[PDB]
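Fold and geometry: a report
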Amino acid sequence: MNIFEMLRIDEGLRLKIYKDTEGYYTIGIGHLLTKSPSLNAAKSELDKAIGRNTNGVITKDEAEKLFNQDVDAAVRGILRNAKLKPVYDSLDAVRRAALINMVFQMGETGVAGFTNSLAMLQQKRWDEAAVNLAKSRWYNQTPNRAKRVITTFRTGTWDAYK
Ligand SMILES: [Cl-]
Ligand SMILES: [Cl-]
């Protein structure tokens, strides 16, 4: 198991524009297009991202390519983030994947705000961090996914994903 497989399980894969759990236009493997309520605005962001007149449909390869860029960006955003970097540097490989998942979902800014959970993770207080991570809108809105990431941080294994 690895980050790609992990997120592929959490996000799924859709070849046409769809709305995410927040009602935002998305495509592929969780690639947000726009937070705007306009389908056209989403179609426009889509063609801009792929580099062709898509008409709101992409292929599998195109989706995978958006995915690769998105995962790379997340890692790189973590590394440039003063609050995130040290946590990531402190963790083992499995757990690093859980932090990446969260950043991919919520953005760097969103994650850097889990101040308290961040500190606990950094100190390797697994059970306490899991409890703290759960008192969040994130957990209340997407409980199953959140539970999987939380267990990953708690255990350091991929069990939640097998
Ligand atoms: Cl893009
Ligand atoms: Cl969920």
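Residues numbered from 1 in each chain as written, not as in the entry; some residues may be left out. Chains lettered and ligands numbered in written order. Heavy atoms only, no water.

Structure determination for this entry, per the PDB record, employed X-ray crystallography and reached 1.80 Å resolution.

Here's the deal with the pairing of strand β3 (residues 31-34)
Sheet analysis places strand β2 (residues 25-28) next to β3, joined by three bridges and oriented antiparallel. Along β3, the bridge assignment pairs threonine 26 with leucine 32. Where β2 folds back on β3, the antiparallel hairpin that results is connected by two residues, among which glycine 30 adopts a positive phi of roughly 70°. (Pairing = 2+ DSSP bridges. Helix = DSSP H or I, 4+ residues; strand = E, 2+ residues; numbered from the N terminus.)

Quick word on the UniProt feature "active site" in the protein chain
With numbering matched to this structure, UniProt assigns "active site" to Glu11 and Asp20. Checked against the lining of the largest pocket, the annotated residues just named reduce to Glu11 and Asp20. Ignoring anything within four residues of it in the chain, the contact list for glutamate 11 reads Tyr18, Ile29, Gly30, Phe104 and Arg145. (UniProt positions renumbered as here; feature names shortened; annotations may be inferred. 1 Å grid on protein atoms, 1.4 Å probe; cavity = no way out; pocket = protein on both sides within 12 Å on 5 of 7 lines; lining within 4 Å. Contact = heavy atoms within 4.5 Å.)

Topic: unusual backbone geometry
Residue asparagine 55 is not a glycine yet carries a positive backbone phi of 70°. Locating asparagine 55 in the fold gives a position in the loop between α2 (39-50) and α3 (60-80). In this structure, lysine 124 is a non-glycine residue whose phi angle is positive, near 65°.

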